[PDB]
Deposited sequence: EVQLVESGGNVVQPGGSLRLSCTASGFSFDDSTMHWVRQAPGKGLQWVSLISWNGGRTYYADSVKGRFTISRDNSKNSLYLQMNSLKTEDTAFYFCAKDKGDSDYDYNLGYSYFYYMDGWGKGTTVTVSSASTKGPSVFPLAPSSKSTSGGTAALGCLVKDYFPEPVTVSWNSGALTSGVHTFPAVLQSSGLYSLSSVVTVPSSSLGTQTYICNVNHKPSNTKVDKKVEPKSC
């Protein structure tokens, strides 16, 4: 049963370099052609590069031509990808995939290969950003007096991800934490809301707990109705 494990994804500045690796098992790596396919977050699949069993045939996509380098080491069941001179456009999910390896011979027309994917890995994440680690600022989204909505603006952080809970985990009913937007500053921002019994607003007490492990920051903020 085919198994592929990408690794070495990280965060790097434009111009920088990074080396993804992938580890196979459950099939004959030695006989197999491999691929790198990447996927911009939210967007579609984009083929990056392929490489035959011995390195015989290797091709690259126009996008990465001259900057990326594919390689392998059959003694280790390992596929490698060397990304140099990175751009932000290279920020994505990097998948390694095995090819069924279907071919075809004809003594005067040469060989003919029919590439397509047979197994995929889980992925590994590559982020290319001018920004560097920074914990979030946390602002109250105060409810403005049926039910009411209140929340947290989690502003200007990097890299991803942030996680938000309410009342140290004891409030889950009515809670939604959105996806982050990435602003011009290269910094991320997200919000979290919870809808609550409009009446129980001067009594019951609401606190959101933000956690950002990349910067080892943790914030607690109590959200109280405004004053006018």
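Of the deposited sequence, just the range 146 to 150 has no C-alpha coordinates according to the record.
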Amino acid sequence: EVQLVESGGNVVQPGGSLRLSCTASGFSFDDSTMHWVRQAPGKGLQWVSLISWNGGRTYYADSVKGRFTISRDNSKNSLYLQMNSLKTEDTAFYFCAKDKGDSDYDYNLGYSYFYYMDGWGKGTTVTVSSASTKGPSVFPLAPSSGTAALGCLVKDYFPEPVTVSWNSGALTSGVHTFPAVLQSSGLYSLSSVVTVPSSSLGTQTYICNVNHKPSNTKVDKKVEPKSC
From here on, numbers count along this sequence of modelled residues.
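Look at the C-alpha B-factors of 177 to 185 and of 50 to 58. On average they run higher in 177 to 185. In this crystal structure, the stretch out of 104 to 112 and 77 to 85 whose C-alpha atoms carry the higher mean B factor is 104 to 112. Set against one another, the Cα B-factors of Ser71, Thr124, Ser137, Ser130 in the record reach their highest point at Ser130. Each of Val64, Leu201, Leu45, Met34 has a CA temperature factor in the record; the biggest one is found at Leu201. The PDB entry assigns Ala148 a C-alpha temperature factor belonging to the highest third of its chain's modelled residues. Per-chain ranking of the deposited C-alpha B factor places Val210 in the middle third.
Per the deposited record, the Cα B-factor of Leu4 falls in the lowest third when ranked against the other modelled residues of its chain.
Ranked by C-alpha B-factor against the other modelled residues of its chain, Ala142 falls in the highest third. Annotation for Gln13: CA B-factor lies in the middle third of the chain's modelled residues.
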